[PDB]
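For reference, the structure is listed below as structure tokens.
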Amino acid sequence: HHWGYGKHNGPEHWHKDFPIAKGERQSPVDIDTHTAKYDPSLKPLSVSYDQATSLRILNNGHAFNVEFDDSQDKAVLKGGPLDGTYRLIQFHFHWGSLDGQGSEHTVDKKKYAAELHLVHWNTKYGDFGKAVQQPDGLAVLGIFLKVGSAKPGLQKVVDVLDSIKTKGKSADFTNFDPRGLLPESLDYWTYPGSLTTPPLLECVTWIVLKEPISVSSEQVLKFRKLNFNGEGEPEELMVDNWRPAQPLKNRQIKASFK
Ligand SMILES: CN(CCOc1ccc(C[C@H]2SC(=O)NC2=O)cc1)c1ccccn1
Ligand SMILES: [Zn+2]
């Protein structure tokens, strides 16, 4: 009886195994656009993905992860609210059963169809496992997806999903350029939070882009054909793999833009 997104093991149950689920800096949150404060001291975000080396795509039973070589400073996030250098380790998405839900963060209570998370770790902690034990260990760049025109740069991801349908399947996934998943603007909101799955560690500086990317209905329909289950188990469609908004508590969301 392990955690997941069902009636019996979903977010409302996670606190039993992971009491930090009720902590002081949990994610995601609703972004109240009128109460976020413009912070003119926030720097532009530096996204340096020119040298990114993708390796593999994995269905881990909760999402699919596109994994990168993080053994050198090749794909790094710097600037914005961050001190020092954060290495890209993986990206994944959260999405819904319906276009009207799927994002983890919300904007004035609006749910997007999906949310992309580019996960980066602070190089001053040496490895990802050490970084998650630190309050400034990770930087996650969150990007909303809305359904409209196709995202050309997403299609290579969409087309490999047939090969990783079930939990524990992986495939080669080299030479994927994550710059093709970014919107035009790097305007962002930022706040201190957590991993949005168990172990729910309070180690993340969240950077959520204001501008969504557009993906087509066909692209997100292919996400929804993935399975939570392993091969030869009853089919459970991988849909609604999002944690809902958590209490903001004693936090301020800052805007990089007026
Ligand atoms: C290091 N580790 C393994 C898991 O740590 C995680 C890091 C990120 C994620 C993905 C989350 S965070 C986000 O933005 N969206 C997600 O889905 C999940 C687990 C540990 C460390 C201690 C105990 C157990 N495992
Ligand atoms: Zn995530």
Side-chain angles (χ1 to χ4, degrees), residues 2-6 9-11 14-21 23 25-31 56-68 70 77 80-82 86-96 101-106 111-123 125-145 154 157 164 167-168 178 181 188-209 212-213 215 220 223 226 228 238-246 251 253:
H2 299 103
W3 70 267
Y5 293 98
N9 68 353
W14 293 352
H15 72 99
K16 289 175 277 173
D17 283 301
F18 304 95
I20 202 60
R25 58 173 282 189
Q26 291 288 294
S27 294
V29 299
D30 181 56
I31 301 167
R56 192 176 73 141
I57 189 171
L58 171 69
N59 179 333
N60 65 11
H62 307 292
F64 63 85
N65 294 346
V66 175
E67 301 165 350
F68 289 78
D70 66 342
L77 185 67
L82 303 174
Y86 293 68
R87 283 187 193 158
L88 178 66
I89 177 173
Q90 55 108 316
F91 69 77
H92 62 271
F93 304 79
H94 308 261
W95 64 89
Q101 68 193 20
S103 65
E104 297 211 299
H105 295 89
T106 56
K111 299 177 167 69
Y112 287 88
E115 187 174 332
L116 163 62
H117 292 162
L118 296 125
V119 180
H120 313 73
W121 58 270
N122 193 328
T123 62
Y125 300 123
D127 68 67
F128 181 77
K130 285 293 191 281
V132 297
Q133 302 178 58
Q134 312 301 331
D136 59 351
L138 303 187
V140 184
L141 181 58
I143 304 178
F144 296 118
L145 280 62
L154 182 60
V157 173
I164 59 153
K167 176 171 55 175
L181 299 178
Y188 64 89
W189 298 283
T190 186
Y191 77 94
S194 75
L195 310 181
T196 60
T197 63
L200 297 170
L201 294 172
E202 291 180 335
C203 61
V204 181
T205 301
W206 276 96
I207 302 167
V208 179
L209 296 191
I213 61 163
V215 304
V220 68
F223 287 14
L226 289 164
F228 287 129
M238 187 180 278
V239 295
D240 294 318
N241 60 347
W242 50 275
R243 190 190 192 191
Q246 302 300 306
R251 293 178 289 180
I253 306 181

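In each ligand, atom 1 is the first atom listed, and ligand 1 is the first ligand listed. In what follows, residues are counted from 1 in the order of the sequence shown.
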How far is [atom] from its nearest protein heavy atom, and which residue and atom name does that atom have?
atom: atom 23 (C) of ligand 1; answer: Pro199 CG, 3.7 Å
atom: atom 7 (C) of ligand 1; answer: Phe128 CZ, 3.4 Å
atom: atom 21 (C) of ligand 1; answer: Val132 CG2, 4.0 Å
atom: atom 9 (C) of ligand 1; answer: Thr197 OG1, 4.0 Å

Q.
Can you list everything that forms a ring-ring contact (aromatic ring centres under 6.0 Å, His included) with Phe223? Sequence neighbours excluded, please.
A.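 Applying ring-ring contact (aromatic ring centres under 6.0 Å, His included) to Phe223 gives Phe64, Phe93, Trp95.
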So which heavy atom on [X] is nearest to which on [Y], and how close?
X: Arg243; Y: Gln26; value: NH1-OE1, 2.8 Å
X: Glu104; Y: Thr196; value: OE1-OG1, 2.7 Å
X: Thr106; Y: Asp30; value: OG1-OD1, 2.7 Å
X: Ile143; Y: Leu145; value: O-CD1, 3.5 Å
X: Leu226; Y: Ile164; value: CD2-O, 3.5 Å
X: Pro178; Y: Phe91; value: CB-CE2, 4.4 Å

Q: Just jot down the side chain to side chain contact (heavy atoms under 4.5 Å, CB included) partners of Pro198, sequence neighbours excluded, or say none.
A: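 Per chain and number, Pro198 pairs via side chain to side chain contact (heavy atoms under 4.5 Å, CB included) with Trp3, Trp14, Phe18, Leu200.
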Q: Answer yes if a protein heavy atom lies under 4.0 Å from atom 12 (S) of ligand 1, otherwise answer no.
A: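 For atom 12 (S) of ligand 1 the answer is yes, since some protein heavy atom falls inside 4.0 Å.
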**Q.** Under-4.0 Å protein heavy-atom contact, atom 3 (C) of ligand 1
**A.** no
Q. Any idea which part of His94 is under 4.0 Å from ligand 1, heavy-atom wise: side chain, backbone, both or neither?
A.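 The side chain, only.
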**Q.** Pairs touching residues 129-141 that satisfy salt bridge (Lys or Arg N to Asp or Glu O under 4.0 Å), sequence neighbours left out
**A.**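 For residues 129-141: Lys124-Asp136.
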Q. Quick check, are the ring centers of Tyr5 and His94 under 6.0 angstrom apart?
A.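 Judged by ring-centre distance (under 6.0 Å), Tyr5 and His94 do not meet the cut-off.
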Q | CG-NE2 distance between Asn59 and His92, expressed to the nearest 0.5 angstrom | A | 13.0 Å
Q: Check whether any side-chain heavy atom of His105 sits under 4.5 Å from a side-chain heavy atom of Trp189, and report yes or no.
A: no
Q. Against heavy atoms of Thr196, which atoms of ligand 1 measure under 4.0 Å?
A. 12 (S), 13 (C), 15 (N), 16 (C), 17 (O)
Q: Using a strict cut-off of 4.0 Å, indicate which atoms of ligand 1 neighbour a heavy atom of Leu195.
A: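 So the atoms of ligand 1 that pass are 6 (C), 7 (C), 8 (C), 12 (S).
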Q: Would you check whether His92 has a nitrogen or oxygen atom less than 3.5 angstrom from a nitrogen or oxygen atom of ligand 1?
A: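 Yes: some nitrogen or oxygen of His92 is under 3.5 Å from one in ligand 1.
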Q | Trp206 N/O under 3.5 Å from ligand 1 N/O | A |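 Looking only at distances, the answer is no, because the N/O contact criterion of under 3.5 Å is not met.
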Q.
With the threshold set at under 4.0 angstrom, would you say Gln133 reaches ligand 1 through any of its heavy atoms?
A. no
Q. Would you say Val119 touches ligand 1, if touching means a heavy atom closer than 4.0 Å?
A. no
Q. Leaving waters out, which protein N, O or S atoms fall under 2.8 Å from the Zn ion (ligand 2)?
A.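 For the Zn ion (ligand 2), the protein N, O and S atoms that sit under 2.8 Å away are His92 NE2, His94 NE2, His117 ND1.
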